[PDB]
Amino acid sequence: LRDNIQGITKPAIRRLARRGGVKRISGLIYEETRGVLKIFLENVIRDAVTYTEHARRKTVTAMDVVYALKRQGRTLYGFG
Amino acid sequence: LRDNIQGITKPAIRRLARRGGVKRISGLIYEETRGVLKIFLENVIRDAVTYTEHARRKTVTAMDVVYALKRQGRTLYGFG
Amino acid sequence: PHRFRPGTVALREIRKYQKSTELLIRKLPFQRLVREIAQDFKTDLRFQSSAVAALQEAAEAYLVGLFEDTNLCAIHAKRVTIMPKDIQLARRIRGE
Amino acid sequence: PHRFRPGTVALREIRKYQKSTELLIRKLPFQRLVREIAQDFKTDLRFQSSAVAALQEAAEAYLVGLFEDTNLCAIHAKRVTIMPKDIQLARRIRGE
Amino acid sequence: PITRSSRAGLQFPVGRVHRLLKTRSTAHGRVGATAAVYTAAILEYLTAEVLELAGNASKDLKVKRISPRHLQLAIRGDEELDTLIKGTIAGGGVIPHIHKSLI
Amino acid sequence: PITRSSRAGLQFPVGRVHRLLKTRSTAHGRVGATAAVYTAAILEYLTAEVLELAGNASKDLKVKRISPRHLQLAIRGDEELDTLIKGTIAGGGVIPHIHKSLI
Amino acid sequence: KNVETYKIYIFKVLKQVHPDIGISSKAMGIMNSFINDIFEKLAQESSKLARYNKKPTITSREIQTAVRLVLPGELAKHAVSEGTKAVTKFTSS
Amino acid sequence: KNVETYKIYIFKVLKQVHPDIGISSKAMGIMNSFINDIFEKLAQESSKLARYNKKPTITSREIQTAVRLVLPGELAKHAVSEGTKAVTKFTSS
DNA sequence: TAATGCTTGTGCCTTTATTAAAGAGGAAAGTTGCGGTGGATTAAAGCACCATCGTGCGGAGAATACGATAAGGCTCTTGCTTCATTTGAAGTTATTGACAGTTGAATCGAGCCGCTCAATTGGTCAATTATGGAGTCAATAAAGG
DNA sequence: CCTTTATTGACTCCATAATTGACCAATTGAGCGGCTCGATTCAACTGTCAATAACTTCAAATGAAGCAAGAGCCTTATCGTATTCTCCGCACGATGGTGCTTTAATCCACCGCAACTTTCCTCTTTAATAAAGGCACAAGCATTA
């Protein structure tokens with residue numbers, strides 16, 4: 001798979017900023033947000049895949065994601 | 001004891017800011033820094049005194065301070 | 001015809017999206033991006049639906065918090081427009 | 001006589017105090033402040049000397065880091081003077 | 001056979017909490033019954049606090065059920081609970097707040 | 001009597017690390033010898049990395065002893081070690097850095 | 001296999017506090033996760049306290065100290081009061 | 001009583017790396033504290049991994065996973081390589 | 001003020017989907033009894049912690065002259081918002097096929113536990129070497145010209 | 001560019017204190033044996049994940065017009081800075097008094113283990129009611145006048 005980071009469309013980033021209270025948005029903010037989201041997903045997915053590989057599995061479960069989020073101080077409630 | 005927060009003199013705060021790379025310092029920065037330091041010391045000392053009271057002691061040891069700092073994500077090296 | 005002055009519709013969406021709890025990013029593009037990122041760590045990986053849902057919830061929560069901090073930084077600089085420098089400052093102070 | 005332009009001596013102390021490793025706050029006033037703060041939690045508390053030394057080291061490290069973040073915030077607002085609003089912004093982004 | 005929860009006047013299970021504490025002890029650790037009673041008491045107290053705030057939030061919205069939105073509102077509306085519960089609530093959203101300078 | 005550290009080709013004590021891991025185990029946990037060997041290996045590797053960087057920093061300053069200042073310089077000069085070691089070093093100071101706009 | 005949770009006890013507490021207000025399944029799961037997190041934090045703090053003082057037994061004193069360390073301010077005070085009351089009632093019965 | 005530390009082994013490692021460079025007492029104490037912190041982190045991660053997978057025994061696989069989770073990037077890669085080499089040498093003896 | 005488009009709050013029927021209520025049975029908590037470890041108690045020594053005294057000098061407090069930084073205002077121009085049109089791809093539904101997760105049994109590899117030996121590690125002592133202090137010189141930068 | 005002056009690195013020598021090397025004990029790691037248990041392997045099978053196809057219609061892409069927000073610049077005034085003088089209290093050295101911390105021995109008290117019972121909690125099933133949808137309505141707001 002390639003260039004899937006562009007699937008996070010500009011309207012989606014605008015909606016996320018609107019939920020965050022942002023009134024005006026610059027043009028480069030979309031690319032900056034895509035890069036930041038890519039970094040965050042890289043970290044979380046790396047930890048989740050490590051957890052999955054330890055369990056000798058090929059399928060990433062919600063438990064692995066929850067543990068990966070908890071490791072980085074980003075605890076999530078609503079998935080176990 | 002009273003007015004002991006004033007013992008953190010303006011030259012000391014200026015030296016701390018100089019070590020932090022600050023070139024120009026406002027006049028209210030000293031009072032703001034005294035308040036922030038008082039809050040930080042309140043938190044750390046509260047945790048340290050809790051640790052000391054658990055050990056049924058009257059003297060606060062360096063171990064209690066180290067554990068209190070570690071609890072708040074402020075780990076200190078050089079005291080055990 | 002009829003036009004709203006700039007900043008009014010934006011305030012309307014600020015009010016609308018803060019009241020809601022829905023997900024803002026489309027599910028399929030986010031799933032494809034997650035699979036693309038994960039294929040770098042291990043080939044032939046499979047994902048539970050709940051795993052991708054949790055990833056999306058966490059990612060959007062993180063992005064909303066980062067945008068709140070970015071708006072704080074932008075207001076600090078006497079501006080209403082958020083800029084990449086604001087995001088960089090917010091992430092630097094956060095320790096990222 | 002001879003006068004240095006403002007900002008020169010300040011830069012000299014920035015260079016001097018960054019190279020050193022000594023403590024910047026006087027020991028006795030800090031000890032008195034620590035005892036005064038601790039007396040609010042437990043009456044008749046005694047302090048081991050190493051405990052006060054560790055408290056001073058941690059407090060000065062925290063203050064130096066906070067001043068670095070404050071300087072970042074001040075530079076963001078196109079200023080060289082740090083202000084209480086900069087400290088407040090830095091502490092808000094840090095989550096304090 | 002009277003349960004320990006009823007003996008302690010609690011709704012949370014003292015026996016299950018004791019078993020969990022025993023399985024979570026390290027290197028031949030021992031757990032007293034009073035420790036389990038204490039743990040159950042704080043767990044039930046925190047549950048009661050969060051549920052009371054969430055129920056008040058639900059009543060303010062004229063609904064008869066608690067949802068993640070109500071939990072988010074209750075937790076972010078209380079300073080102590082906001083400090084204690086730093087985790088993300090799925091489907092909770094954010095508290096409606098717009099800065100003065102943007103209006 | 002051959003030591004396990006010599007068998008594993010290590011300088012850190014494999015037996016002491018195994019004993020510490022056993023005392024840190026929870027609820028009838030078990031620790032293998034290979035686990036202790038692995039732990040000792042990573043501890044020795046991290047020690048070697050930090051000490052090599054600190055020795056290079058000391059040599060750059062034309063001194064023959066490692067001080068907390070040299071440890072601070074070595075740790076903050078390496079991205080991986082800076083990420084790993086977030087603790088405060090007493091007597092370490094700060095890395096000399098002045099922003100461009102303040103000059 | 002059976003997965004043990006706190007849903008029944010959360011429901012009892014809710015019926016004590018709000019008799020006419022129900023709870024959704026997602027909210028109940030979130031509450032269960034929150035209680036699990038709090039219990040994990042208390043257990044970790046109690047184990048650390050036991051290790052520091054070389055005391056292998058975890059008692060109500062360790063739990064009280066862990067509550068004071070973990071819970072903030074007035075919340076910690078009220079939690080300690082509730083725990084003390086519960087322990088006194090348990091011992092007197 | 002005797003307080004056990006890592007000073008002897010840190011000194012051996014220093015002599016292997018820098019034969020002519022010494023270390024101060026403060027720096028040695030800081031290094032010992034850093035080693036203790038790393039060991040505590042690895043032990044905590046290994047215990048969490050053992051609890052998650054319901055496997056009571058902690059083996060080299062748990063330590064490898066904990067190293068991958070805790071140590072960052074190339075540092076984790078080199079640490080894993082060193083640990084695997086040490087385990088292979090130990091088993092071959 | 002004021003009309004007027006306009007978006008959002010608000011009321012009513014659907015229905016549906018999401019929660020409340022019950023049954024078996026199995027999993028686990030309570031009970032009783034006992035052994036043995038651990039926590040509370042008490043006494044003693046030592047050291048460390050606090051309070052006192054003298055002093056004396058380096059750092060802090062305060063005032064002065066002032067320069068340069070921050071804030072305010074004005075302009076302009078360009079970058080971002082809002083609206084309208086087309087489209088193309090996400091969402092829904094129905095289907096399927098196989099991969100992989102999970103559970104259950106045997107069993108063999110391996111870690112715990114006891115006890116003894118002895119070799120490594122830790123505390124203490126004498127010193128020698130690297131580090132800092134003090135002082136003068138030279139190289140560097142800064143400020144007015 | 002220059003010259004004069006304040007600052008700091010460097011060079012030297014000497015004090016010194018801080019690390020290094022040696023010696024006794026004590027402590028715990030290794031060795032060897034026995035035993036139980038848990039991690040690995042195999043396999044069945046079912047849960048669900050990925051891939052497919054068709055339809056739809058809603059949100060995304062793009063462009064046009066235009067407005068207002070950000071950046072640059074100029075001014076000013078006030079407020080932090082550098083310097084000098086006085087003083088004051090921190091730091092160092094010496095001392096003593098005691099309290100409180102740590103250790104050791106004793107003892108009792110309470111918690112883990114084991115087996116049995118009984119009863120409470122947890123999937124599965126069925127009904128029910130609260131809320132999101134859909135549709136229409138009212139009104140506070142924004143916009144130009």
Side-chain angles (χ1 to χ4, degrees), chain B residues 1-9 11-46 48-50 52-53 57-66 68-69 72 74-80, chain D residues 6-7 10-18 20 24-26 28-42 44-55 57-72 74 79-84 86-88 91 96:
Chain B
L1 306 116
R2 315 120 63 95
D3 83 359
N4 274 142
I5 192 56
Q6 302 302 119
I8 319 300
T9 53
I13 295 172
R14 287 177 73 80
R15 287 193 297 263
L16 285 159
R18 287 309 135 76
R19 159 100 43 103
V22 175
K23 149 150 163 173
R24 252 199 161 219
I25 309 170
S26 180
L28 331 122
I29 276 296
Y30 309 118
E31 218 63 42
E32 183 75 17
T33 310
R34 281 178 196 122
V36 170
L37 174 63
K38 178 138 201 323
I39 286 170
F40 174 77
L41 284 182
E42 255 142 34
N43 292 342
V44 180
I45 288 173
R46 187 192 306 117
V49 173
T50 296
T52 282
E53 271 158 356
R57 279 188 280 99
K58 317 230 190 43
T59 291
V60 188
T61 37
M63 266 318 126
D64 303 319
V65 183
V66 166
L69 289 167
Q72 284 137 201
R74 298 233 145 250
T75 316
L76 177 68
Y77 298 139
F79 293 92
Chain D
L11 284 165
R12 293 216 265 90
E13 335 170 30
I14 300 175
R15 296 198 280 265
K16 154 191 207 333
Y17 291 114
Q18 279 178 330
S20 66
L24 302 322
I25 305 176
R26 299 276 243 176
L28 185 60
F30 192 86
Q31 191 196 102
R32 284 200 310 262
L33 169 67
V34 162
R35 292 180 184 276
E36 175 215 80
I37 286 177
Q39 95 186 341
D40 289 345
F41 302 119
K42 187 181 141 21
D44 278 66
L45 268 170
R46 308 182 123 211
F47 274 84
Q48 177 164 324
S49 50
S50 54
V52 186
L55 275 169
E57 298 259 20
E60 301 182 0
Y62 164 81
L63 278 177
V64 168
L66 179 66
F67 278 129
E68 289 173 11
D69 283 350
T70 298
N71 202 49
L72 285 181
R79 289 180 285 102
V80 296
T81 309
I82 62 162
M83 292 215 183
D86 311 325
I87 289 188
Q88 293 164 187
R91 291 194 69 222
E96 277 151 38

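Values below: every heavy atom of this structure, side chains too, minus hydrogens, waters and symmetry copies. Here is the naming used below: chain letters follow the sequence lines, and residue numbers restart at 1 for every chain.
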**Message:** Among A51(D), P29(D), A10(D), which residue has the highest count of heavy-atom pairs closer than 4.5 Å to chain B?
**Reply:** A51(D)
**Asked** Which bit of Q39(D) is near chain B, if near means a heavy-atom gap under 4.5 Å: side chain, backbone, both or neither?
**Response** side chain
**Prompt:** Between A61(D) and chain B, which part of the residue has a heavy atom less than 4.5 Å away: side chain, backbone, both or neither?
**Reply:** neither
**Heavy-atom check, side chain of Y62(D) versus side chain of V36(B), under 4.5 Å** = yes
**Request:** Let me see the working for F41(D) and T50(B) under side-chain contact (heavy atoms from CB on, under 4.5 Å), right down to the final yes or no.
**Result:** CA-CA 9 Å; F41(D) 302 119; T50(B) 296; over 6 Å; no
**Request:** Select one option (side chain, backbone, both, neither) describing which atoms of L45(D) are under 4.5 Å from chain B's heavy atoms.
**Result:** both
**Prompt:** Looking only at heavy atoms, what is the nearest atom pair of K58(B) and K42(D), with distance?
**Reply:** CA-CE, 4.4 Å
**Request:** Please state whether the side chain, the backbone, both or neither of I87(D) comes within less than 4.5 Å of a heavy atom of chain B.
**Result:** side chain
**Message:** Less than 4.5 Å to any heavy atom of chain D: does that hold for the side chain of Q6(B), its backbone, both, or neither?
**Reply:** neither
**Complete:** Applying a strict 4.5 Å limit to non-hydrogen atoms, the region of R74(B) in contact with chain D is side chain
**Message:** Nearest 0.5 Å, please: how far is CZ in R35(D) from CG in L1(B)?
**Reply:** 9.0 Å
**Asked** side-chain contact (heavy atoms from CB on, under 4.5 Å) between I13(B) and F67(D): does it pass, once the steps are laid out?
**Response** CA-CA 10 Å; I13(B) 295 172; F67(D) 278 129; 3.9 Å; yes
**Asked** What residue, out of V34(D), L24(D), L11(D), has the most heavy-atom pairs lying under 4.5 Å from chain B?
**Response** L24(D)
**Prompt:** Between atom OG1 of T61(B) and atom CZ of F47(D), what is the distance when rounded to the nearest 0.5 Å?
**Reply:** 10.5 Å
**Item:** Reported CD1-to-OG1 distance for the pair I29(B) and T81(D), which is rounded to 0.5 angstrom
**Value:** 10.0 Å
**Asked** So what's closer than 4.5 Å to chain D heavy atoms on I39(B): side chain, backbone, both or neither?
**Response** side chain
**Request:** Under 4.5 Å, counting heavy-atom pairs only, tell me which of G7(B), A12(B), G20(B) racks up the most with chain D.
**Result:** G20(B)
**Prompt:** How long is the span from the CG atom in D44(D) to the OG1 atom in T59(B), to the nearest 0.5 Å?
**Reply:** 11.0 Å
**Prompt:** Atom OG1 in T52(B), atom CZ in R46(D): separation rounded to 0.5 Å?
**Reply:** 13.0 Å
**Request:** Below 4.5 Å from any heavy atom of chain D, which atoms of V22(B) appear? Answer side chain, backbone, both or neither.
**Result:** both
**Item:** Part of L28(D) within contact of chain B (heavy atom distance under 4.5 Å)
**Value:** neither
**Greatest number of heavy atom pairs closer than 4.5 Å to chain D - which of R2(B), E42(B), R46(B)** = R46(B)
**Residue pair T9(B), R26(D): steps toward the side-chain contact (heavy atoms from CB on, under 4.5 Å) verdict** = CA-CA 9 Å; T9(B) 53; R26(D) 299 276 243 176; 5.6 Å; no
**Prompt:** Looking at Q18(D) and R19(B), what are the two nearest heavy atoms and their distance?
**Reply:** CG-O, 3.3 Å
**Prompt:** For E13(D), does its backbone N or O pair with a side-chain atom of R18(B) as donor and acceptor, under 3.5 Å?
**Reply:** no
**Request:** Mind ranking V66(B), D3(B), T33(B) by heavy-atom pairs under 4.5 Å with chain D and telling me who comes out on top?
**Result:** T33(B)
**Asked** With only heavy atoms counted, which part of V60(B) is less than 4.5 Å from chain D, the side chain, the backbone, both or neither?
**Response** both
**Message:** Among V80(D), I37(D), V52(D), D86(D), which residue has the highest count of heavy-atom pairs closer than 4.5 Å to chain B?
**Reply:** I37(D)
**Under 4.5 Å from a heavy atom of chain D, the part of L28(B) involved** = both
**Fill in**
Cut-off 4.5 Å, heavy atoms of chain D, and the answer for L41(B) is both
**Message:** Taking every non-hydrogen pair under 4.5 Å, which of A54(D), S50(D), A58(D) racks up the most with chain B?
**Reply:** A54(D)
**Verdict with supporting geometry, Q88(D) and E32(B), side-chain contact (heavy atoms from CB on, under 4.5 Å)** = CA-CA 9 Å; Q88(D) 293 164 187; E32(B) 183 75 17; 3.7 Å; yes
**Request:** Sort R79(D) into side chain, backbone, both or neither according to what part of it lies under 4.5 angstrom from a heavy atom of chain B.
**Result:** neither
**Request:** Report the distance from atom CG of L76(B) to atom CG of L55(D), rounding to the nearest 0.5 Å.
**Result:** 9.0 Å
**Prompt:** So which of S26(B), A68(B), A48(B), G27(B) has the largest heavy-atom pair count under 4.5 angstrom toward chain D?
**Reply:** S26(B)
**Request:** Check whether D64(B) gets within reach of chain D through its side chain, its backbone, both or neither, counting any heavy atom under 4.5 Å.
**Result:** neither
**Fill in**
Turns out that what part of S49(D) lies under 4.5 Å from chain B's heavy atoms comes down to neither
**Message:** Side chains of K38(B) and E36(D), heavy atoms from C-beta outward: is any pair under 4.5 Å?
**Reply:** yes
